[PDB]
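**Q** A single structure is presented below for examination.
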Amino acid sequence: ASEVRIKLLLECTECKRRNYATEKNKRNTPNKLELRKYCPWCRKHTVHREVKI
Amino acid sequence: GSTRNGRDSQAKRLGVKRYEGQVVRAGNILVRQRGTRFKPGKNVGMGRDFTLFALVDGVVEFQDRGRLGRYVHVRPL
Amino acid sequence: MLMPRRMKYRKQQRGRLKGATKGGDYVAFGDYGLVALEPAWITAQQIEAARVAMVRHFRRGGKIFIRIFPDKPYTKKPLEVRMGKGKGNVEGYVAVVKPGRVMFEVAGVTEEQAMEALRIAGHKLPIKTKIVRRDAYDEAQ
Amino acid sequence: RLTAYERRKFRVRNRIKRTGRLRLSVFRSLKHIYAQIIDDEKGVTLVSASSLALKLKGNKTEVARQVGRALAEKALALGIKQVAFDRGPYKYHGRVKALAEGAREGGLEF
Amino acid sequence: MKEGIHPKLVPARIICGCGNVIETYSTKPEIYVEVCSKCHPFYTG
Amino acid sequence: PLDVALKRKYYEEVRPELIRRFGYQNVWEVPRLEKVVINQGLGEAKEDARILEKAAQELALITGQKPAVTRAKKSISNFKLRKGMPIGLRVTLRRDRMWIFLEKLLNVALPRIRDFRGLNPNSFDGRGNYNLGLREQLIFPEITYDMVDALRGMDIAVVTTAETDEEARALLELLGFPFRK
RNA sequence: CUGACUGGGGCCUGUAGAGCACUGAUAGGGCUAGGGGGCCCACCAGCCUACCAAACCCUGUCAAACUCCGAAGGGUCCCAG
RNA sequence: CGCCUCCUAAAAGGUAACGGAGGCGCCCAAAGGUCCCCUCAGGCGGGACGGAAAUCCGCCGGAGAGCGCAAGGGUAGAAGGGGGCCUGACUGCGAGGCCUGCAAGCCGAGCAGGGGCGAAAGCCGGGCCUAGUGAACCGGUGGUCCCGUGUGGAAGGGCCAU
RNA sequence: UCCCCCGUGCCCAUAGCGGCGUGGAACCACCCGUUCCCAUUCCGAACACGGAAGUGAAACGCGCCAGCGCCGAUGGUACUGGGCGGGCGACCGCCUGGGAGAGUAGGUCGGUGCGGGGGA
Ligand SMILES: [Mg+2]
Ligand SMILES: [Mg+2]
Ligand SMILES: [Mg+2]
Ligand SMILES: [Mg+2]
Ligand SMILES: [Mg+2]
Ligand SMILES: [Mg+2]
Ligand SMILES: [Mg+2]
Ligand SMILES: [Mg+2]
Ligand SMILES: [Mg+2]
Ligand SMILES: [Mg+2]
Ligand SMILES: [Mg+2]
Ligand SMILES: [Mg+2]
Ligand SMILES: [Mg+2]
Ligand SMILES: [Mg+2]
Ligand SMILES: [Mg+2]
Ligand SMILES: [Mg+2]
Ligand SMILES: [Mg+2]
Ligand SMILES: [Mg+2]
Ligand SMILES: [Mg+2]
Ligand SMILES: [Mg+2]
Ligand SMILES: [Mg+2]
Ligand SMILES: [Mg+2]
Ligand SMILES: [Mg+2]
Ligand SMILES: [Mg+2]
Ligand SMILES: [Mg+2]
Ligand SMILES: [Mg+2]
Ligand SMILES: [Mg+2]
Ligand SMILES: [Mg+2]
Ligand SMILES: [Mg+2]
Ligand SMILES: [Mg+2]
Ligand SMILES: [Mg+2]
Ligand SMILES: [Mg+2]
Ligand SMILES: [Mg+2]
Ligand SMILES: [Mg+2]
Ligand SMILES: [Mg+2]
Ligand SMILES: [Mg+2]
Ligand SMILES: [Mg+2]
Ligand SMILES: [Mg+2]
Ligand SMILES: [Mg+2]
Ligand SMILES: [Mg+2]
Ligand SMILES: [Mg+2]
Ligand SMILES: [Mg+2]
Ligand SMILES: [Mg+2]
Ligand SMILES: [Mg+2]
Ligand SMILES: [Mg+2]
Ligand SMILES: [Mg+2]
Ligand SMILES: [Mg+2]
Ligand SMILES: [Mg+2]
Ligand SMILES: [Mg+2]
Ligand SMILES: [Mg+2]
Ligand SMILES: [Mg+2]
Ligand SMILES: [Mg+2]
Ligand SMILES: [Mg+2]
Ligand SMILES: [Mg+2]
Ligand SMILES: [Mg+2]
Ligand SMILES: [Mg+2]
Ligand SMILES: [Mg+2]
Ligand SMILES: [Mg+2]
Ligand SMILES: [Mg+2]
Ligand SMILES: [Mg+2]
Ligand SMILES: [Mg+2]
Ligand SMILES: [Mg+2]
Ligand SMILES: [Mg+2]
Ligand SMILES: [Mg+2]
Ligand SMILES: [Mg+2]
Ligand SMILES: [Mg+2]
Ligand SMILES: [Mg+2]
Ligand SMILES: [Mg+2]
Ligand SMILES: [Mg+2]
Ligand SMILES: [Mg+2]
Ligand SMILES: [Mg+2]
Ligand SMILES: [Mg+2]
Ligand SMILES: [Mg+2]
Ligand SMILES: [Mg+2]
Ligand SMILES: [Mg+2]
Ligand SMILES: [Mg+2]
Ligand SMILES: [Mg+2]
Ligand SMILES: [Mg+2]
Ligand SMILES: [Mg+2]
Ligand SMILES: [Mg+2]
Ligand SMILES: [Mg+2]
Ligand SMILES: [Mg+2]
Ligand SMILES: [Mg+2]
Ligand SMILES: [Mg+2]
Ligand SMILES: [Mg+2]
Ligand SMILES: [Mg+2]
Ligand SMILES: [Mg+2]
Ligand SMILES: [Mg+2]
Ligand SMILES: [Mg+2]
Ligand SMILES: [Mg+2]
Ligand SMILES: [Zn+2]
Ligand SMILES: [Zn+2]
């Protein structure tokens, strides 16, 4: 990692909880990562948000 | 009077764990390899690190097909 | 002298001088041959003497040939320093010669000078040698 | 030295070899069509069907459906149910899609 | 060809300065050129 | 396929004369024209003028088709070049637009050549084929002095089924290639 | 009875040794980009290299980190002792 | 001084020296999963500028190409290059083995939920692989709603992921 | 159960390159065309689709050619598991077990397993 390649938390949008954490390069991807992922709290697929760790 | 050399890694135990004729089981690693020196045949898989393994109970088999390479198989019983 | 202007790596390990010669046992170039009879490490400076001191016999004319090369570097630590602290430093490149190897060959000169010129070269080596005429056994290969 | 034909057919066959299902060999010529399902593990062609033998006449696109019904009917007589469809080196479309529909509509589970 | 992204070809009349009528198929039907092979010095001997 | 002057003149004028002279034993035995590829070697488009489409549409009007992109093979030092850089263009010419571009080239382009001294008979591919190149596109009919923004040329390569460069030479001379030697 | 040891079959190997097809290294030669030198010209070329030499060709040598080849062994499984 | 690659290292696996050589502490939103398609380096002929070598054609051309980065192994019958749809850079697990003194690191079919793509067969628990790492202790953050010193809350912990 | 073609595998050049010669009734290929489905980082070259006038030229199939390539004995040797002598040593020998590499003769211009439709 680096100050640019940062790890962050992935927050499921419909359960208000964070389920994951991955890598992204803020120079190549400064946008907020929003990607599908499974949420056991909702028991179904949900789109996930980029939230600061 | 120093030595800029003197650095090394540890060996990874590369080779054939079960030779042809040995008793194997599902999950028993067959050959630890880097790259494709051996290629999988019947009931033999390949891992991300190129390691091979048997899928069923049977007998190990080594059959060299020349330009296709050496192949490993498992004989059910 | 004779030494590589480019190599892959700097130093080479010593190895072992066991066994007979790989090849070059048959006269391949000239009318007469000088073949060393003992295994040892030979230096390109001694071989340099074998070239210069031998052209100094004819003073002009003739043709002298070379059958070997110093492809093996030789290293030595500085003086008055202890063991360890890396391998020694190279002071020159040495040649690997095995028993029965035809080291040199002479052509374009008479029999008398073919024996006499290779004689001094025989005395310039730590190992004994022999002068053999290009023989019917040689060209068969 | 090989060609893109070899490099292509070899690939679409190497993928089908590893699955284990029955492999339907598809060789296509200018005039007629040919189809055969083979078990390569024991290395013997079991059954085959072709438009040249079936004496078909017109458009190849609708010709493939009939030969698919023929091969699928023979396999239905033998009791064959599941099969993997090899598309050969050619692009999967049109006539090969309608022959594949011949085997699908013929009852084979794929 | 690729329809839509390529220049379409139609019967084209190309009239040179010498008078030789050129019946061809170009991007522009009506074309006028200044010098052709019929009036070219090196082409004509 | 739309019939054209060079097409008719080959089968009715060029084909019978080749049949007489060389006496071919089959109809496919006679030399056939395979394909005519065009390579615009702009190059300088890597530099200040990054886009060469202003010269690409030129070939779109000349050949009637848009030339493809050709990207660099690997990073190259002295040309200030890197891998995958579009410094050239390429367009393949075939069934009918090839005959069209042939009539335009021979009848309009080759005449307009500045101080034309003739063709070089030694530039054959050796297998019965030929390649060449042009300096100024104003020579072609489809290009005038109005819309030309910069100076650029081309490299026209052709392929043939003929085997001997002698048969190829008689083919070109019979089709109207004015060799100077 | 499975143990050390060994017999019969099966499988794994890249060193001794050998070898130059790959990576390097090489002496001489042929051939030949190419420079240097002497002629021949600033106006351009044609001419010759008892010259260092690319590539390729011939001959002969080098290797722990070179391997087109290659054991004895060693390894390990399977019956009997 | 931890880690990776090659040699010694004596053809299984393992083997030290202040020995002979080099590299890692990053980087990737596609360089990932699926599906379809493509085939080099180099050499020979021609070709604006145009080049030893930019870009194309022809003919010869099993890998010397390129696979982020050292190096090895591997590989064009791809894992390598051009585009499409995509999130399996999954949740809950896990037969058995590898490695092995412990802790540990590596492989992994397969079953269930929920999903991507293909016509299908199938394939997807990140990357061609081996380096790109940190054990306990402490606290935070977000959730969980397990505990609550009579009791009902609450404080603070616990669990989970981080 | 015999011969010619075309699908699909095996061994993985004894099978390749290279040239000599040839195959179209069936059959495949190139071929005939591009409205149409499909298609070129351009091109109906490829990819794809509808057809049947022409052709074995190319490719492919099948013969020959040992030029190159490929495979390559035997005989000896290198080397070595294991048992010994010598040399101040760099190292050298014989006893028994294994046995190369290369190289010399010589061999190969394939053989083979099923499914189709044709021929005796
Ligand atoms: Mg940091
Ligand atoms: Mg940093
Ligand atoms: Mg900083
Ligand atoms: Mg900071
Ligand atoms: Mg000091
Ligand atoms: Mg250093
Ligand atoms: Mg260490
Ligand atoms: Mg360790
Ligand atoms: Mg065990
Ligand atoms: Mg076997
Ligand atoms: Mg075998
Ligand atoms: Mg072999
Ligand atoms: Mg040694
Ligand atoms: Mg040695
Ligand atoms: Mg020898
Ligand atoms: Mg000192
Ligand atoms: Mg001192
Ligand atoms: Mg004499
Ligand atoms: Mg005498
Ligand atoms: Mg005499
Ligand atoms: Mg000889
Ligand atoms: Mg500039
Ligand atoms: Mg720049
Ligand atoms: Mg750049
Ligand atoms: Mg027992
Ligand atoms: Mg024990
Ligand atoms: Mg033991
Ligand atoms: Mg035996
Ligand atoms: Mg190794
Ligand atoms: Mg050695
Ligand atoms: Mg050689
Ligand atoms: Mg290598
Ligand atoms: Mg010269
Ligand atoms: Mg000359
Ligand atoms: Mg010279
Ligand atoms: Mg040679
Ligand atoms: Mg051999
Ligand atoms: Mg044991
Ligand atoms: Mg063990
Ligand atoms: Mg047992
Ligand atoms: Mg240390
Ligand atoms: Mg450690
Ligand atoms: Mg080892
Ligand atoms: Mg151990
Ligand atoms: Mg032990
Ligand atoms: Mg110590
Ligand atoms: Mg370093
Ligand atoms: Mg050539
Ligand atoms: Mg310049
Ligand atoms: Mg190869
Ligand atoms: Mg091959
Ligand atoms: Mg290979
Ligand atoms: Mg090369
Ligand atoms: Mg690399
Ligand atoms: Mg390799
Ligand atoms: Mg969970
Ligand atoms: Mg169980
Ligand atoms: Mg165990
Ligand atoms: Mg471990
Ligand atoms: Mg233990
Ligand atoms: Mg909290
Ligand atoms: Mg409450
Ligand atoms: Mg709380
Ligand atoms: Mg807390
Ligand atoms: Mg019968
Ligand atoms: Mg009968
Ligand atoms: Mg066949
Ligand atoms: Mg082969
Ligand atoms: Mg053949
Ligand atoms: Mg010849
Ligand atoms: Mg003859
Ligand atoms: Mg002849
Ligand atoms: Mg008839
Ligand atoms: Mg073509
Ligand atoms: Mg085709
Ligand atoms: Mg129609
Ligand atoms: Mg016969
Ligand atoms: Mg001859
Ligand atoms: Mg023993
Ligand atoms: Mg004795
Ligand atoms: Mg005694
Ligand atoms: Mg002793
Ligand atoms: Mg003594
Ligand atoms: Mg002593
Ligand atoms: Mg003796
Ligand atoms: Mg024994
Ligand atoms: Mg043949
Ligand atoms: Mg042949
Ligand atoms: Mg019959
Ligand atoms: Mg008959
Ligand atoms: Zn959710
Ligand atoms: Zn005119």
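Here the Cβ of each residue, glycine as well, is placed from N, Cα and C on the backbone.
What Swiss-Prot records for this protein is below:
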BINDING   E:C16, E:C18, E:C36, E:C39  Zn(2+) binding site
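On this model, are these features tucked inside or out on the surface, and what's nearby?
**A** In sequence order, E:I22, E:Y32, E:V33, E:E34, E:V35, E:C36, E:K38, E:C39 make up the list of same-chain residues 6 or more apart from E:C16 (Zn(2+) binding site) whose Cβ falls under 8 Å from its Cβ. E:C16 (Zn(2+) binding site) falls outside any helix or strand according to DSSP and counts as coil.
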**Q** Which one of the binding-site residues (E:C18, E:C36, E:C39) has its C-beta surrounded by the most other C-beta atoms within 10 angstroms?
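**A** Answer by Cβ density within 10 Å: E:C36.
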